[PDB]
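Report on the following structure.
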Amino acid sequence: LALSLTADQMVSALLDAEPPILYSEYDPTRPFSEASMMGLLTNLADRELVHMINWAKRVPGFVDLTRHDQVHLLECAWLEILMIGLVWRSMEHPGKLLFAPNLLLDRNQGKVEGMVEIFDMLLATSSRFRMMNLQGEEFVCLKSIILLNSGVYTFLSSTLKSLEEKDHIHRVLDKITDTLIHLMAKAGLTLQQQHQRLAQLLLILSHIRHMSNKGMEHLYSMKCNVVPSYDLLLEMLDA
Amino acid sequence: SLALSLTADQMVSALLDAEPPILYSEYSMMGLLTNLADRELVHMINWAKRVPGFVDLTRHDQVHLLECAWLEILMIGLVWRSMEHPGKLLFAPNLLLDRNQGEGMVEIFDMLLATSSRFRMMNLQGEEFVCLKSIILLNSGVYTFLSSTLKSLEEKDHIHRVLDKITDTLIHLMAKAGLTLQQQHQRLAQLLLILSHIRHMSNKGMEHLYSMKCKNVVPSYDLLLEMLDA
Ligand SMILES: CC(C)=CCn1nc(-c2ccc(O)cc2O)c2cccc(C(F)(F)F)c21
Ligand SMILES: CC(C)=CCn1nc(-c2ccc(O)cc2O)c2cccc(C(F)(F)F)c21
C-alpha cells in the first residue's frame, strides 16, 4: 500500500505516472478571436482530462479512496493541475505560455482583460519556478500535493469513514512532504534551506489556487461543457 | 533589515504584541459582517504596520498586500476564534452562529467550519497562528507587484526574506515544543497547505459579494492608502 513507500519509491512512482504532453488542435485560424482561443484551450483541456485520470489513479494512495472522494478531489483540483502543468512547461520560455508545443502564446497573441491578468499570473509563477530552479522530481510532488490537498477540507465530515478518508489523505500528504524533503537533503541543502524551500514551494500553491478560482470564475461566465461534471468524472473513473 | 535580524522568539513576541483585539458585533447577516468588518479593518491596518518587514515596503506595496489579503485575514481570525466551538462560527463574542442560522454562503460557512475543525485536530497554537496570519499578509499579493523597476524587485526579495524568517520561526516553535525533525517539516507543510484553502474561501467570498451587488464593502486601493498614511 501507499504509506509503505520509501521516498525513493514515491518519486519513481510519481515520475512513471506522468501524463503525456498533448498538441493543440492543429493549424487553427490565426489570428485568433476571443472564442477561437477559448475553443482551443477548452478542447485541449478536455483531452488532457482523460489523461489526468490515468495519472491520478497512479498517485500512491489515490485509489484507496472511495470513488466519491476520488471525484470530489478531481473536481476541485483539475484546473490547478492543468495550470501547474502549463507553468512547468513554460519555464524556459520567458514571456510565453506553452499551452501546447504547437501553441506557444505571448501576452498579446491570444485574443478579455480578466484573462490577461490570469495570463500575467501564470507568467509570474513560471518565472518564480524558473528563479527557484524547480526540479522535475519536486514538480511531481507538488502536483500530487495539489490533487490530495485541494478538495480535502471540503469532504464535510461526520461519519467514521469520512474521518478515515481525511486521515488517510493527510498521511499520504505527509509522505509526499517527507519525499520533497528527502530530495532536498539528497541535493545538499542544509536543514534550514530545506525547510525554507519547502515553504516557498507550498506558498506558491496558494497562488495556483487563486488562479484556478479566477479561471473557474471565467469558465462559469460563458453560456457554453465547459467544465467536467461530477458524473462525467465518475464515469471516466470506472476503469 | 531589522526584521531580518530578529530571532524566532523576538518575531513571535512582536507578532503577539501586534494582535488586534476581538471586537463585539454591535447589535441582515451582511449587515452584521459589514459593521464588524469595517471596524476590524482599522485594526488590521494597525496590526499590519506592526508585522516585521512590512513598513520597509513602499506604501503602494503595503496597500496591495492588504488589498489582496484583507478577507483572508478576517477569515483566518474567524477560524481561530471558532476553534474551541465545534459546529459554530464565533463572529464575535455576542455573535456565535451555527450552520442552520447560516441564506447564501452556506458553502463558505461550511468551509469555514471545516478549517476551524482542521485547526482543532491540529492543536494549532496561538504562536503558530500569528505566524500564519503574517504569512498571508505577505504572500497573497507578492506575485502581483509588477516587477519592472529595480525597487519592485528589491521589494519582492525583501518579502521573500521575511517569509523565510517566518518559516524559521515556525520551525523553531516546533523544535521547542519537542517535535522531531520529521514532525517539524510535516507540520509546517500541513499548516501552509491550509493557506490554499483560505485563499479559496476568500475568493468564494469575493465572488459572493459581487453577486450580492455588495461590491461596495470592499476596501479600495485608495481607501487602503489613506488609512495607512494616517
Ligand atoms: C489564457 C488563460 C487566462 C487561461 C487560463 N486557462 N488555462 C487553461 C489551460 C488549459 C490547458 C492547460 O494544459 C493548461 C491551462 O492553464 C484553461 C482552460 C480552459 C479555460 C481557461 C480559462 F480559465 F482561462 F478560462 C484556461
Ligand atoms: C465585508 C464582507 C461581508 C465580507 C464578507 N465576509 N466577511 C466575513 C468576515 C468579516 C469579518 C470578520 O471578523 C470575519 C469574517 O469571517 C465573512 C465570513 C464568512 C463569509 C463572508 C462572505 F460570504 F460574505 F464573503 C464573509
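Residues 305-331, 341-415, 419-546, in that order, are what chain B shows, numbered as in Swiss-Prot.
Structure determined by X-ray crystallography, 2.3 Å.
Positions of Cβ are set from backbone N, Cα and C atoms, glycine also.
Of all Cβ atoms in the shown protein chains, 21 besides its own fall within 10 Å of the Cβ of B:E353 (17beta-estradiol binding site). Look at Swiss-Prot and you will find B:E353, B:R394, B:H524 tagged as 17beta-estradiol binding site.
Annotation note: B:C447 (S-palmitoyl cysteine) sits in a helical segment as assigned by DSSP. Residues or ranges marked as S-palmitoyl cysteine by Swiss-Prot on the basis of similarity to another entry: B:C447.
With a cut-off of 8 Å between CB atoms and residues at least 6 apart in sequence, the same chain places B:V376, B:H377, B:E380 near B:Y537 (phosphotyrosine), listed in sequence order. According to Swiss-Prot, the phosphotyrosine annotation covers B:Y537, on the basis of experimental evidence.
Ranking the recorded positions B:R394, B:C447, B:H524 by other CB atoms within 10 A of the CB puts B:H524 at the bottom. When the Cα atoms are compared, B:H524 (17beta-estradiol binding site) and B:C447 (S-palmitoyl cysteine) turn out to be 28 Å apart.
Among the recorded positions B:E353, B:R394, B:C447, B:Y537, the residues whose Cβ sits under 6 Å from any atom of ligand 2 are B:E353. In the deposited coordinates, B:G415 and B:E419 are the last and first modelled residues around 3 missing ones; Cα to Cα they measure 6 Å. A straight line from the CA of B:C447 (S-palmitoyl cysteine) to the CA of B:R394 (17beta-estradiol binding site) spans 16 Å.
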